[PDB]
Amino acid sequence: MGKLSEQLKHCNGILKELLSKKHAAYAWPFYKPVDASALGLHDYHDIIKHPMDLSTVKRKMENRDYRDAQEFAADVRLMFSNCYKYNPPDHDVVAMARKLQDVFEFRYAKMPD
Ligand SMILES: CNC(=O)c1cc(C(=O)N[C@H]2C[C@@H]2C)cc([C@@H](O)c2ccccc2)n1
């Protein structure tokens with residue numbers, strides 16, 4: 001019932017939206033951990049020290065791992081940051097990251113106080 005639980009419900013709402021059909025055209029690369037081997041990205045885990053994806057964020061939310069909205073936001077932004085760090089800015093995945101991050105940031109900003 002407290003503020004932290006309430007803010008985490010808003011976070012859970014955002015997470016459900018990021019995983020929803022509405023955003024699937026650009027969200028799908030972020031659904032599961034990057035399979036570096038399958039994608040031929042044999043330097044991925046040398047460059048990205050802390051992989052993150054929405055299935056991992058969902059597991060952590062379901063497990064009550066996140067103690068506050070800030071911790072949840074840090075993982076969602078880590079996921080985007082990894083994309084911007086690894087990929088050349090002209091790869092389609094970077095455009096898709098930017099579009100999904102726009103959805104995230106605008107709704108995260110509507111956090112209940
Ligand atoms: C989070 N996902 C990724 O960072 C990623 C990277 C690459 C990739 O090959 N990156 C090489 C350009 C770099 C050296 C490919 C994919 C793949 O899921 C994908 C294909 C086509 C449109 C969108 C996504 N995802």
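Residue numbers count from 1 along this sequence. We count ligands from 1, going down the list as the structure has it; atoms in each ligand are counted the same way.
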Regarding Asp43 and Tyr86, is there a side-chain donor-to-acceptor distance under 3.5 Å anywhere? yes
Check whether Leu39 and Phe30 end up in the same hydrophobic cluster, where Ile, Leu, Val, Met, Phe, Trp and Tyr are linked by side-chain heavy atoms less than 4.5 Å apart. no
Enumerate the residue pairs fulfilling ring pair (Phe, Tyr, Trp, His ring centres under 6.0 Å) with a member in residues 48-79, sequence neighbours excluded, ordered by first and then second residue. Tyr66-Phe72
Atom 6 (C) of ligand 1 [closest protein heavy-atom partner, distance rounded to 0.1 Å]: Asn87 OD1, 3.3 Å
Given 3.5 Å as the limit, does a donor-acceptor pair link the side chain of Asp53 with the main chain of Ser55, or not? yes
Show the atoms of ligand 1 that are less than 4.0 angstrom away from any heavy atom in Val34. 1 (C), 2 (N)
Protein heavy atom at shortest distance from atom 17 (C) of ligand 1: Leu39 CD2, 4.1 Å
among protein heavy atoms, the one nearest atom 14 (C) of ligand 1 is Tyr86 CE2, 3.7 Å
Any heavy atom of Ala97 under 4.0 Å from ligand 1? The part involved is neither
Should you measure from each heavy atom of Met96, which atoms of ligand 1 turn up under 4.0 Å away? 23 (C)
Side-chain heavy atoms of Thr56 within contact of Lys60, under 4.5 Å: yes
Ionic contact status for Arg77 with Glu105, cut-off 4.0 Å: yes
Distance from atom 9 (O) of ligand 1 to nearest protein heavy atom, with residue and atom: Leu41 CD2, 3.6 Å
Quick test: of every protein heavy atom, which one is nearest to atom 3 (C) of ligand 1, and how far off is it to 0.1 Å? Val93 CG2, 3.7 Å
Between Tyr108 and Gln101: side-chain donor-acceptor atoms closer than 3.5 Å: no
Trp28-ligand 1 polar pair, N/O distance under 3.5 Å: no
